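These notes concern the structure reproduced below.
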Amino acid sequence: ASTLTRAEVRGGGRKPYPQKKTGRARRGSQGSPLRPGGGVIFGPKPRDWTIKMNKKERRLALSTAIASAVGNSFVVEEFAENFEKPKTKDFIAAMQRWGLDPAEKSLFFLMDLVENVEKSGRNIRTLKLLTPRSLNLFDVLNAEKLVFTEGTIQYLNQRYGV
Amino acid sequence: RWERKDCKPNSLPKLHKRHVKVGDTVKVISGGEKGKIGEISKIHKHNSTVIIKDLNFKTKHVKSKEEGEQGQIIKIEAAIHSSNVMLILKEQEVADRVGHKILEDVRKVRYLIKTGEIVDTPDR
Amino acid sequence: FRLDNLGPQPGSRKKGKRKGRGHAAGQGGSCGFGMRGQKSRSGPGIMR
Amino acid sequence: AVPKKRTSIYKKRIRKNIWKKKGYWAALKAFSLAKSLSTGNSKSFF
Amino acid sequence: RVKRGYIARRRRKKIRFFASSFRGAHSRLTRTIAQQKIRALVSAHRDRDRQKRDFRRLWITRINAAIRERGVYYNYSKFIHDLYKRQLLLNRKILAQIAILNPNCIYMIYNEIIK
Amino acid sequence: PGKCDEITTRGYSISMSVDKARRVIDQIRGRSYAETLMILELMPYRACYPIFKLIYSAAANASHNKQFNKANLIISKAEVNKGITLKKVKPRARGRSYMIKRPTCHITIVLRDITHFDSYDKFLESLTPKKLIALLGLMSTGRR
Amino acid sequence: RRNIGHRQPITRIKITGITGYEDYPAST
Amino acid sequence: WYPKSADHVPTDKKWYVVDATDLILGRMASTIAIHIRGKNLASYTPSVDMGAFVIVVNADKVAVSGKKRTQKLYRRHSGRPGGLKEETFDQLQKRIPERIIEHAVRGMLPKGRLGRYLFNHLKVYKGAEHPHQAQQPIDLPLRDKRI
RNA sequence: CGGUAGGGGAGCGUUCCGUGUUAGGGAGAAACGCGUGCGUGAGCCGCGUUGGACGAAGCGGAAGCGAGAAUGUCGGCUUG
RNA sequence: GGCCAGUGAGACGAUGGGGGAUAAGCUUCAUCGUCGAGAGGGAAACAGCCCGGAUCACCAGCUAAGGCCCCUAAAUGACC
RNA sequence: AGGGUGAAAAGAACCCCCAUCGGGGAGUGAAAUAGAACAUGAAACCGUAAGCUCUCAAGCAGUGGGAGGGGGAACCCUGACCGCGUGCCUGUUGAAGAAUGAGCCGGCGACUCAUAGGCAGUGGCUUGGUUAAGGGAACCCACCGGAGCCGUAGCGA
C-alpha cells in the first residue's frame, strides 16, 4: 500500500511566480500537497508490522483454544484413514456417517497426512486438513466441529501438559 | 465507446473460442426466449455473440432513399450470447453438452455427451 | 472461543489521541503546544 | 469605484424585475400598433 | 488507502434544516448557516431566563392596575403589607391571573385582605 | 397532469441570453394565443423571434397532434431556464484576460386549450362520489 | 461551546373533582 | 396556566377630557400618558394597544412652575448645519399652543412602532370646546394631589 | 459541577479487514426528508421516489479517519 | 517524589512609594481585588467600580448592589 | 482537462411545426420526464406555482410572548406589536471592532511512519525472561536456532 510524497511526484520545483507583487497566495510549487495535483502528506508507504509474541504465551493461546472447544459436543475424534484412489465421495460420506458433515467449516486434521486424504480433502471448502507442521491458531478457533486422531490426541497431550 | 473495442495482442484481436459452429442446430438455454430451437447463421467470434435465425426480433427503422422516399422498416434478428445455446439433433431431440472423440481414422470430432450422435457429421 | 466472541480485557489498549481533530477532543487547534515559540514550530527543535 | 459587497438576492430581483417590467410597458404599445394594423384606413405601412 | 467522506452532507443538512425561516442568506448559505445556528441557541438561553423574569414583570403591572382600580390610593406595594400580614400562602402573582378572568373573585380576595 | 389540457413544447439551447428571453417570455404569460401571436410578430425584440417560432410550433403542434382549436388556447406557464454556457478568453490591456461567457436559453411553453364539463349551479349534492371525481376535472378553492 | 439537551420528566395529571370547600366560605 | 393575552380590541375605547387650564405641564402629561398606554387595565399588555383616546382642551393655558415660561426652549434642528432653532415656551404658547402638550406626552410614551401608533390617541385643542362627542368623553381621573 | 492555555476520563462516526460466497436484498442497497421517535451529545432507529445494486448488527483490528477559516486549493456558479 | 504541560511585555482599581511637573488610560517595584480565564443585575451605552458566582428544568417565591412620576418593575408613601 | 445510454442500437420507420437546428405525437425497449451536451444525482446559483404576509419605516435581522390568517381536522406554515440581543476564527493587557482572513457551494488539505531510550496500563513466565540473523514442502507460520541482552556486587582514575 504505497503512495508518493511532495518529493517523488513528477511536478516541478519552480516557484511558479514571484513571492510578492502578485495578489495571490504564496504557492511554492505545483507539486504541493494543497494543490490537487499530487503530493500526499503522511500517505501509506509499505510498513512491515510484526508482533513478537512470547512463545510460552502463544502456546498457551493454543492450549486455551483447544481446551475450551472440547467436552461440549465440539470434538469428535477418530483414529485412522485408509483411502485408495482418493475420491472425495467416500470421504464426504465419511463425514456424514461420522460426526457432523454439514459442510459448515468443520476444521479437521490428522497426523503425517497421507497424500491420499490431502488429495480428497481439498475439494471440500469447509474443512481443511492440518498437521502439527501446519497447525494454526485461526482455524482451530471455531470450536465448531474440530476432529482429531489418536496421534493428535497424544501428540497434543505430549506437547502441552496440565 | 473505446471501452468496448476488440482486444488486441500486438496488431490483432483475441478470438476467444466457442463450442458452437456455423450451421449448428441449437436450443436457447436460458436468456429471454428460453427453449427455442434454431440454426445459427453467423458467429461473431470475438464477443461470443451468435445470431440464430428467426428467433431474436429487433424492430428497427431505415431511411431508404436520398429524397426521404420509402424508408420502409426492416426487422433484423440480432445477437445472442454463446453461453446460452446448447445442441440438439432432431433424432435425440434434446439439449446436451459437447465433447470430443478420435474416431477410427485420424480425425477428431464433436460428440454430444448425453447421446450417441455426432455433431461434426460429414465434412460438408 | 469463536472469533466473534473473543474480546480484549479492559484497559489493555488505549486509543491514541489524535491531535488537532477538534476542540472537544481538547488537543485541537494548538494541540497543547501553546502559541508560537520554538516548541510550537515544526522541526527538530532545541537540543536537549 | 469598486463595490464593497455583493447585493442580496432580494435587491437584485427588484432591479431585474424593473428591467423586464420596463419591457412590459413597451409591448401594449406594439399591441396597439397590431390591433390597428389589422386592415383599416391608415397612412402608414405601405 | 483513500478514506474520503460524505458525513459532512448530513452534519450539515441537519443544520441547513434547523435554520428555516431565516430570511436572507441565513437560510441558504451554509458557512453562515452554522454561526446563525449558534446564535439562535444562545438567544434561546437568554430569552428563556429572561422569560421567567419577564412574566413576573407582566403580572406585577397587571395586578398593580387591578388594585389601583379602587380609586383610593392603594398599590401593588401596600396590597402586600396586607396580603402577607393576613396569612395567605402566596397566591404567586396568579391572583394577577384571576384578576382578569374572575374579577369578582379578585374583589372578594381584596375585601378579605382589607379586613 | 393537466389531462391533455397542456402541450409542452420544449426548447433547444437557443443561442441568446436567458434574461432577455425572460423579459419577453414574462411579457406573454396568460394571454391567449391570438394576442401573443400578433404581438411577437411585431415585437421590437431580438429574443422575440425564436420565441415566436416556438409558439407557432406549439399551436400547430397541438392542432393535429392532439386536436384543438386556436381561438380558445392560452399560454399557461411559459417558463425559461438557463442552459449550457460557453466560455471565451478575450484578452485585454496590460496582459490581462477575461472570460466572456456565451449563454443559452432553454424554454418550455405549456399551452392550454379549454375543456369544460359545465356545471349550472353552486349547490353540492354529495352523490355519485365515484362519478364526482370524474366531474371535478378542475375547481378553484375547493373544500372538504 | 456545549451542545447539551434536557428532558424534564413531567407528569400529566387529570383532575376529577373538588371536595370539602364548605367551611368558612368568604364568598360574597 | 397561561397568562391571558390582549385579544382584539378595536373601538369603544374610553374618550377622556382634560381641561388644562392651569394644570402644570409635566405632572398632567404623566397622567395623560398613563391612560394612553393602558396601565389602568387588568388587560394591560405592552405589545398591544389596549389604551384609550383622550382630549386636551384649553391647550393655551397650561401652567409651568418656576421661571420656565421664559426659560424652557423647544429646539427643532434642521438637518443641515446652522439649522438649530432656539425657541422659548412663551413663543410657542403664543404661536402654536398644541405642540406644547404634543411634545410632553410624545416624550412620555414609548417611542417605537407602537408608541408612534398610539400618539394618535391624543387629541389636543386650543379652543375651549372639543368637536368630539365620540364616546361622550367622560372626564379624566387625576390621582395627583399636585396640579 | 464557570472556565482560555493546558492535563486526565468516557464515547460516536467514516472506509477496510476477521467472524461470511454472513442475516437481509430486484416486493427492492445509498443520497433526500415525516417522526421535538431516541440520545448529555457527536449521532441512531425507523419513513419515502424515477432510477436500483449490494450489503448490515454484535464481539474485535487498522487507519490517506471527522473542516467555515492557511490573501489555502481544484471545479461550478453568482454580485457589480 | 514519578510521568508530563502551558506560562514567561499583563491591565486597571485601593494603598506605600521612585522617575515625571506629587502631569498622563505614563513608567517602575511591594501587598490585595476584578478582568485575564466570569457570565448575571446597578452603572443610559461602557474588561479592569459595587453586589455576586452561572449543572439543568420551572408562565413559583425572599432578598443583596441599586431603586419606586413616564419611557421600564416597584409608594407621584409618610413626617423634619 | 475531458470515463460510465441500454442486456442487445432494437439510436428513433411514419406524420406535423419545419432555414433539416430543435421539438410533439407514432414506434422500439422493462424504463427514453434511459434519446444520444443520454447511467444515482447533492449544494451553491436561475426560474415557475400555490399558502400567509411588507410601502410612517430603525434592523448581524434571530429569539421569548403571538394578534390575524391559511392547512390535512392537538401539533406544523406565515408572521401585527413588545422586550432582549454591540457577526465567526486568529489573536491580544485589551476587538462588535474602522486589526487579520474568507465572494458563495462541493471536494482535496495538517503531530504520520520507521528504529531506539524512559514511564504507565495489560498479559506470559520466574529460584530467571527472551531469542536475533537464519531455516520451515513458498509468503504467514508449529517446531528449531542460547550466539546476544536484562536481573543477579560494590568501591576506586
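In the C-alpha cells, the first chain shown is A, the next is B, and so on; residue numbers restart at 1 for each chain, and ligands run from 1 in the order shown.
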Please identify all residues of chain C having at least one atom at most 10 Å from any atom of chain K, considering only C-alpha atoms (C1' of nucleotides), and return them as number ranges by chain.
C: 8-14, 18-21, 31, 35, 42
Preceding selection exported with N, CA and C atoms as a PDB file, in the first residue's frame:
ATOM      1  N   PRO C   8     -10.720  -8.111  24.003  1.00  0.00           N
ATOM      2  CA  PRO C   8      -9.571  -7.942  24.907  1.00  0.00           C
ATOM      3  C   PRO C   8      -9.976  -7.334  26.246  1.00  0.00           C
ATOM      4  N   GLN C   9      -9.240  -7.663  27.303  1.00  0.00           N
ATOM      5  CA  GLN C   9      -9.527  -7.137  28.634  1.00  0.00           C
ATOM      6  C   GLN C   9      -9.636  -5.621  28.611  1.00  0.00           C
ATOM      7  N   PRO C  10     -10.196  -5.050  29.672  1.00  0.00           N
ATOM      8  CA  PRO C  10     -10.338  -3.586  29.741  1.00  0.00           C
ATOM      9  C   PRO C  10      -9.053  -2.917  30.208  1.00  0.00           C
ATOM     10  N   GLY C  11      -8.701  -1.817  29.553  1.00  0.00           N
ATOM     11  CA  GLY C  11      -7.505  -1.065  29.877  1.00  0.00           C
ATOM     12  C   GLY C  11      -6.271  -1.653  29.225  1.00  0.00           C
ATOM     13  N   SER C  12      -6.455  -2.749  28.499  1.00  0.00           N
ATOM     14  CA  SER C  12      -5.347  -3.399  27.813  1.00  0.00           C
ATOM     15  C   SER C  12      -4.785  -2.476  26.747  1.00  0.00           C
ATOM     16  N   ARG C  13      -5.682  -1.790  26.048  1.00  0.00           N
ATOM     17  CA  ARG C  13      -5.291  -0.871  24.990  1.00  0.00           C
ATOM     18  C   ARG C  13      -5.974   0.479  25.145  1.00  0.00           C
ATOM     19  N   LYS C  14      -5.267   1.538  24.767  1.00  0.00           N
ATOM     20  CA  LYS C  14      -5.805   2.885  24.849  1.00  0.00           C
ATOM     21  C   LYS C  14      -5.692   3.487  23.462  1.00  0.00           C
ATOM     22  N   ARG C  18      -5.604  11.727  18.783  1.00  0.00           N
ATOM     23  CA  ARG C  18      -5.173  12.340  17.544  1.00  0.00           C
ATOM     24  C   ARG C  18      -5.267  13.823  17.784  1.00  0.00           C
ATOM     25  N   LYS C  19      -4.127  14.488  17.753  1.00  0.00           N
ATOM     26  CA  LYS C  19      -4.085  15.915  17.988  1.00  0.00           C
ATOM     27  C   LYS C  19      -4.635  16.695  16.814  1.00  0.00           C
ATOM     28  N   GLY C  20      -5.353  17.769  17.107  1.00  0.00           N
ATOM     29  CA  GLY C  20      -5.902  18.631  16.078  1.00  0.00           C
ATOM     30  C   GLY C  20      -7.202  18.309  15.377  1.00  0.00           C
ATOM     31  N   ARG C  21      -7.905  17.250  15.763  1.00  0.00           N
ATOM     32  CA  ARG C  21      -9.156  16.932  15.087  1.00  0.00           C
ATOM     33  C   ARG C  21     -10.301  17.864  15.462  1.00  0.00           C
ATOM     34  N   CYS C  31      -3.046  22.187  20.096  1.00  0.00           N
ATOM     35  CA  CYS C  31      -2.622  20.821  20.408  1.00  0.00           C
ATOM     36  C   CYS C  31      -1.856  20.746  21.718  1.00  0.00           C
ATOM     37  N   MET C  35       0.943  28.817  21.952  1.00  0.00           N
ATOM     38  CA  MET C  35       1.026  29.699  20.792  1.00  0.00           C
ATOM     39  C   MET C  35       2.436  30.198  20.499  1.00  0.00           C
ATOM     40  N   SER C  42       7.222  23.527  13.869  1.00  0.00           N
ATOM     41  CA  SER C  42       7.564  22.173  13.458  1.00  0.00           C
ATOM     42  C   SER C  42       9.054  22.104  13.167  1.00  0.00           C
TER      43      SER C  42
END
For chain K against chain E, which residues fall within 6 Å using only C-alpha atoms (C1' of nucleotides), given as a ChimeraX atom specification?
/K:62-64
Listing only residues of chain J within 10 Å of chain G, what is the closest atom pair and its distance in Å (to one decimal) for each, using only C-alpha atoms (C1' of nucleotides), sorted by chain and residue number ascending, as a tab-separated table?
residue	atom	partner	partner_atom	distance
J:56	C1'	G:6	CA	6.8
J:57	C1'	G:8	CA	5.6
J:58	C1'	G:8	CA	9.5
How many Å lie between atom CA of residue E:67 and atom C1' of residue J:74, rounded to one decimal?
13.8 Å
Any idea which chain C residues end up within 8 Å of chain J if we count only C-alpha atoms (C1' of nucleotides), as a PDB file with C-alpha atoms, in the first residue's frame please?
ATOM      1  CA  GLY C  32      -1.294  21.836  23.804  1.00  0.00           C
ATOM      2  CA  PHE C  33       1.820  23.213  22.176  1.00  0.00           C
ATOM      3  CA  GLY C  34       0.623  26.697  23.074  1.00  0.00           C
TER       4      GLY C  34
END
Under the rule of at most 8 Å, produce a per-residue listing of chain E near chain G: chain, number, name, the closest pair of atoms, and the distance in Å, as CSV, using only C-alpha atoms.
residue,atom,partner,partner_atom,distance
E:105,CA,G:27,CA,7.9
E:108,CA,G:27,CA,6.5
E:112,CA,G:26,CA,7.6
Using only C-alpha atoms (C1' of nucleotides), find the residues of chain H whose closest atom to chain J is at most 12 Å away, then write them as an MDAnalysis selection string.
chainID H and resid 1:4 26:37 39 46 104:112 115 142:147
With N, CA and C atoms kept, could you save the residues just selected as a short mmCIF file (atom, residue, chain, number, x, y, z; two decimals), in the first residue's frame?
data_model
loop_
_atom_site.label_atom_id
_atom_site.label_comp_id
_atom_site.auth_asym_id
_atom_site.auth_seq_id
_atom_site.Cartn_x
_atom_site.Cartn_y
_atom_site.Cartn_z
N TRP H 1 -51.85 28.65 34.59
CA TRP H 1 -51.59 28.02 33.30
C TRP H 1 -50.87 28.97 32.35
N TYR H 2 -51.64 29.63 31.49
CA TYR H 2 -51.08 30.57 30.53
C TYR H 2 -51.61 31.98 30.76
N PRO H 3 -50.64 32.98 30.82
CA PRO H 3 -51.20 34.33 31.05
C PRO H 3 -52.06 34.79 29.88
N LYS H 4 -53.15 35.49 30.19
CA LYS H 4 -54.05 35.99 29.16
C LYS H 4 -53.36 37.02 28.27
N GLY H 26 -45.79 68.94 33.17
CA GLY H 26 -45.26 67.61 33.38
C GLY H 26 -46.23 66.64 34.02
N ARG H 27 -46.69 66.97 35.23
CA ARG H 27 -47.47 66.02 36.00
C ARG H 27 -48.71 65.60 35.24
N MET H 28 -49.43 66.57 34.68
CA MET H 28 -50.55 66.26 33.81
C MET H 28 -50.12 65.32 32.70
N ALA H 29 -49.00 65.61 32.05
CA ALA H 29 -48.63 64.76 30.93
C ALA H 29 -48.24 63.36 31.36
N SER H 30 -47.89 63.15 32.63
CA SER H 30 -47.67 61.79 33.07
C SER H 30 -48.97 61.07 33.26
N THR H 31 -49.97 61.75 33.80
CA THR H 31 -51.24 61.07 33.96
C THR H 31 -52.08 61.07 32.70
N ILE H 32 -51.66 61.76 31.65
CA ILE H 32 -52.25 61.57 30.33
C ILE H 32 -51.71 60.31 29.70
N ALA H 33 -50.39 60.16 29.70
CA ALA H 33 -49.72 59.07 29.03
C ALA H 33 -49.77 57.77 29.81
N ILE H 34 -50.43 57.76 30.95
CA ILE H 34 -50.64 56.52 31.66
C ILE H 34 -52.00 55.97 31.28
N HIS H 35 -52.89 56.83 30.81
CA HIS H 35 -54.15 56.45 30.18
C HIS H 35 -54.01 56.34 28.68
N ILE H 36 -52.85 56.68 28.15
CA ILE H 36 -52.61 56.48 26.74
C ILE H 36 -52.10 55.07 26.52
N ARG H 37 -51.44 54.49 27.53
CA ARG H 37 -50.85 53.16 27.42
C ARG H 37 -51.81 52.08 27.83
N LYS H 39 -52.08 51.34 31.40
CA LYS H 39 -51.65 50.78 32.67
C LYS H 39 -52.70 50.94 33.75
N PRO H 46 -47.98 45.31 27.00
CA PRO H 46 -47.14 46.29 26.33
C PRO H 46 -47.20 46.17 24.84
N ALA H 104 -44.97 67.01 25.28
CA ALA H 104 -44.90 66.41 26.60
C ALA H 104 -45.25 64.93 26.55
N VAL H 105 -46.41 64.59 26.00
CA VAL H 105 -46.72 63.17 26.00
C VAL H 105 -45.83 62.44 25.03
N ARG H 106 -45.42 63.09 23.94
CA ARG H 106 -44.64 62.37 22.95
C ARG H 106 -43.29 61.96 23.51
N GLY H 107 -42.86 62.56 24.61
CA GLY H 107 -41.70 62.07 25.30
C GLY H 107 -42.07 61.04 26.33
N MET H 108 -43.24 61.21 26.95
CA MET H 108 -43.63 60.28 27.99
C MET H 108 -43.80 58.86 27.47
N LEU H 109 -44.41 58.69 26.32
CA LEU H 109 -44.87 57.36 25.93
C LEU H 109 -43.90 56.67 24.98
N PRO H 110 -43.96 55.32 24.88
CA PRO H 110 -42.81 54.56 24.39
C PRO H 110 -42.59 54.61 22.91
N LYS H 111 -41.62 55.38 22.46
CA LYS H 111 -41.39 55.51 21.04
C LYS H 111 -40.98 54.18 20.44
N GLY H 112 -41.26 54.01 19.17
CA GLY H 112 -41.14 52.72 18.52
C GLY H 112 -42.12 52.65 17.37
N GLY H 115 -45.51 53.00 19.89
CA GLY H 115 -45.65 54.28 20.53
C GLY H 115 -46.11 55.28 19.50
N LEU H 142 -57.73 62.06 37.82
CA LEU H 142 -56.41 62.56 38.18
C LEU H 142 -56.09 62.13 39.60
N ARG H 143 -55.10 61.24 39.74
CA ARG H 143 -54.66 60.72 41.03
C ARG H 143 -53.48 61.49 41.58
N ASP H 144 -53.39 62.79 41.30
CA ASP H 144 -52.18 63.56 41.57
C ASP H 144 -52.56 64.77 42.41
N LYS H 145 -52.17 64.77 43.68
CA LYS H 145 -52.60 65.85 44.56
C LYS H 145 -52.04 67.21 44.18
N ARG H 146 -51.13 67.29 43.20
CA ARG H 146 -50.32 68.50 42.99
C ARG H 146 -50.39 68.94 41.53
N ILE H 147 -51.42 69.71 41.19
CA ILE H 147 -51.66 70.15 39.83
C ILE H 147 -52.46 71.46 39.82
#
Mind listing as a PyMOL selection string which residues of chain K are within 12 Å of chain B, counting only C-alpha atoms (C1' of nucleotides)?
chain K and resi 3-5+7-14+20+27-29
Taking only C-alpha atoms (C1' of nucleotides) into account and nothing else, which residues of chain E lie no more than 6 Å away from chain I? Please answer as a ChimeraX atom specification.
/E:1-3,31
What's around residue E:82 at 10 Å? Count only C-alpha atoms (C1' of nucleotides), leave out sequence neighbours fewer than 6 positions away in its own chain, and write the answer as number ranges by chain.
E: 88, 110, 112-115
With a distance cut-off of 12 Å and only C-alpha atoms (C1' of nucleotides), select the neighbouring residues of residue J:33, excluding the residue or stretch itself and same-chain residues fewer than 3 positions from it, and output the selection as a VMD selection string.
chain J and resid 12 to 14 48 to 49
Written selection (N, CA, C and O atoms (P, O5', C5', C4', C3', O3' and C1' of nucleotides)) as a PDB file, in the first residue's frame:
ATOM      1  P     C J  12      -2.263  49.884  33.740  1.00  0.00           P
ATOM      2  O5'   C J  12      -3.579  50.283  34.526  1.00  0.00           O
ATOM      3  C5'   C J  12      -4.683  50.846  33.843  1.00  0.00           C
ATOM      4  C4'   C J  12      -5.976  50.496  34.523  1.00  0.00           C
ATOM      5  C3'   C J  12      -6.108  50.939  35.963  1.00  0.00           C
ATOM      6  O3'   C J  12      -6.452  52.296  36.109  1.00  0.00           O
ATOM      7  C1'   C J  12      -6.733  48.696  35.809  1.00  0.00           C
ATOM      8  P     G J  13      -5.953  53.096  37.401  1.00  0.00           P
ATOM      9  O5'   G J  13      -6.829  52.493  38.578  1.00  0.00           O
ATOM     10  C5'   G J  13      -8.239  52.606  38.547  1.00  0.00           C
ATOM     11  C4'   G J  13      -8.891  51.823  39.654  1.00  0.00           C
ATOM     12  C3'   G J  13      -8.357  52.077  41.041  1.00  0.00           C
ATOM     13  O3'   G J  13      -8.794  53.300  41.589  1.00  0.00           O
ATOM     14  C1'   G J  13      -8.569  49.774  40.736  1.00  0.00           C
ATOM     15  P     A J  14      -7.773  54.177  42.452  1.00  0.00           P
ATOM     16  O5'   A J  14      -7.601  53.335  43.787  1.00  0.00           O
ATOM     17  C5'   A J  14      -8.719  53.056  44.610  1.00  0.00           C
ATOM     18  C4'   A J  14      -8.297  52.446  45.919  1.00  0.00           C
ATOM     19  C3'   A J  14      -6.989  52.953  46.493  1.00  0.00           C
ATOM     20  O3'   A J  14      -7.122  54.196  47.161  1.00  0.00           O
ATOM     21  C1'   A J  14      -7.032  50.600  46.589  1.00  0.00           C
ATOM     22  P     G J  48     -15.169  45.706  34.487  1.00  0.00           P
ATOM     23  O5'   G J  48     -13.699  45.218  34.843  1.00  0.00           O
ATOM     24  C5'   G J  48     -13.309  44.895  36.166  1.00  0.00           C
ATOM     25  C4'   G J  48     -11.861  45.237  36.372  1.00  0.00           C
ATOM     26  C3'   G J  48     -11.596  46.604  36.992  1.00  0.00           C
ATOM     27  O3'   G J  48     -11.428  46.521  38.396  1.00  0.00           O
ATOM     28  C1'   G J  48     -10.409  46.396  34.949  1.00  0.00           C
ATOM     29  P     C J  49     -12.661  46.618  39.411  1.00  0.00           P
ATOM     30  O5'   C J  49     -12.983  48.169  39.479  1.00  0.00           O
ATOM     31  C5'   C J  49     -12.652  48.929  40.626  1.00  0.00           C
ATOM     32  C4'   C J  49     -13.869  49.600  41.194  1.00  0.00           C
ATOM     33  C3'   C J  49     -14.861  48.698  41.898  1.00  0.00           C
ATOM     34  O3'   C J  49     -14.470  48.413  43.224  1.00  0.00           O
ATOM     35  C1'   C J  49     -16.006  50.146  40.435  1.00  0.00           C
TER      36        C J  49
END
Would you list the contacts of residue K:70 as a ChimeraX atom specification, taking every protein, DNA or RNA residue within 10 Å and counting only C-alpha atoms (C1' of nucleotides), but skipping same-chain residues closer than 2 positions in sequence?
/K:51-52,77-78
Could you list, as a PDB file with N, CA and C atoms (P, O5', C5', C4', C3', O3' and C1' of nucleotides), in the first residue's frame, every residue of chain K that has an atom within 7 Å of an atom of chain A, counting only C-alpha atoms (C1' of nucleotides)?
ATOM      1  P     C K 108     -12.751  14.982   0.281  1.00  0.00           P
ATOM      2  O5'   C K 108     -11.464  15.649  -0.357  1.00  0.00           O
ATOM      3  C5'   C K 108     -10.609  14.882  -1.184  1.00  0.00           C
ATOM      4  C4'   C K 108      -9.414  15.670  -1.652  1.00  0.00           C
ATOM      5  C3'   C K 108      -8.404  16.052  -0.593  1.00  0.00           C
ATOM      6  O3'   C K 108      -7.534  14.997  -0.237  1.00  0.00           O
ATOM      7  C1'   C K 108      -8.906  17.940  -1.864  1.00  0.00           C
ATOM      8  P     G K 109      -7.130  14.798   1.298  1.00  0.00           P
ATOM      9  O5'   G K 109      -6.509  16.194   1.698  1.00  0.00           O
ATOM     10  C5'   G K 109      -5.129  16.437   1.536  1.00  0.00           C
ATOM     11  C4'   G K 109      -4.751  17.749   2.159  1.00  0.00           C
ATOM     12  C3'   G K 109      -4.912  17.854   3.663  1.00  0.00           C
ATOM     13  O3'   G K 109      -3.865  17.239   4.395  1.00  0.00           O
ATOM     14  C1'   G K 109      -5.843  19.751   2.656  1.00  0.00           C
ATOM     15  P     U K 112       0.566  11.294  15.156  1.00  0.00           P
ATOM     16  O5'   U K 112       0.673  11.028  13.599  1.00  0.00           O
ATOM     17  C5'   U K 112      -0.177  10.100  12.956  1.00  0.00           C
ATOM     18  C4'   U K 112       0.487   9.570  11.720  1.00  0.00           C
ATOM     19  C3'   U K 112       1.649   8.633  11.973  1.00  0.00           C
ATOM     20  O3'   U K 112       1.217   7.299  12.175  1.00  0.00           O
ATOM     21  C1'   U K 112       2.284  10.288  10.407  1.00  0.00           C
ATOM     22  P     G K 124      -1.585 -13.908  32.326  1.00  0.00           P
ATOM     23  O5'   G K 124      -0.259 -14.324  31.560  1.00  0.00           O
ATOM     24  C5'   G K 124      -0.321 -15.067  30.356  1.00  0.00           C
ATOM     25  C4'   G K 124       1.048 -15.519  29.923  1.00  0.00           C
ATOM     26  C3'   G K 124       1.918 -16.101  31.012  1.00  0.00           C
ATOM     27  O3'   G K 124       1.609 -17.453  31.281  1.00  0.00           O
ATOM     28  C1'   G K 124       3.175 -14.572  29.731  1.00  0.00           C
ATOM     29  P     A K 142       4.131 -20.112  14.442  1.00  0.00           P
ATOM     30  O5'   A K 142       4.184 -21.561  15.101  1.00  0.00           O
ATOM     31  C5'   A K 142       2.974 -22.268  15.432  1.00  0.00           C
ATOM     32  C4'   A K 142       3.292 -23.689  15.833  1.00  0.00           C
ATOM     33  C3'   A K 142       4.669 -23.903  16.458  1.00  0.00           C
ATOM     34  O3'   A K 142       4.592 -23.826  17.877  1.00  0.00           O
ATOM     35  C1'   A K 142       4.417 -25.344  14.605  1.00  0.00           C
TER      36        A K 142
END
Could you pull the residues within 12 Å of residue D:3, counting only C-alpha atoms (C1' of nucleotides), minus those fewer than 4 positions along the same chain, as a PyMOL selection string?
(chain D and resi 7) or (chain I and resi 79-80)
Store the residues of this selection in a file with C-alpha atoms (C1' of nucleotides), as a PDB file, in the first residue's frame.
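The file below, again22.pdb, is the result:
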ATOM      1  CA  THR D   7     -26.002  42.641  -3.210  1.00  0.00           C
TER       2      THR D   7
ATOM      3  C1'   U I  79     -22.530  40.492  -7.273  1.00  0.00           C
ATOM      4  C1'   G I  80     -21.012  44.691  -9.990  1.00  0.00           C
TER       5        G I  80
END
As a ChimeraX atom specification, which residues of stretch 1-121 of chain B does DSSP assign to helix (DSSP H, G or I)?
/B:2-4,82-84
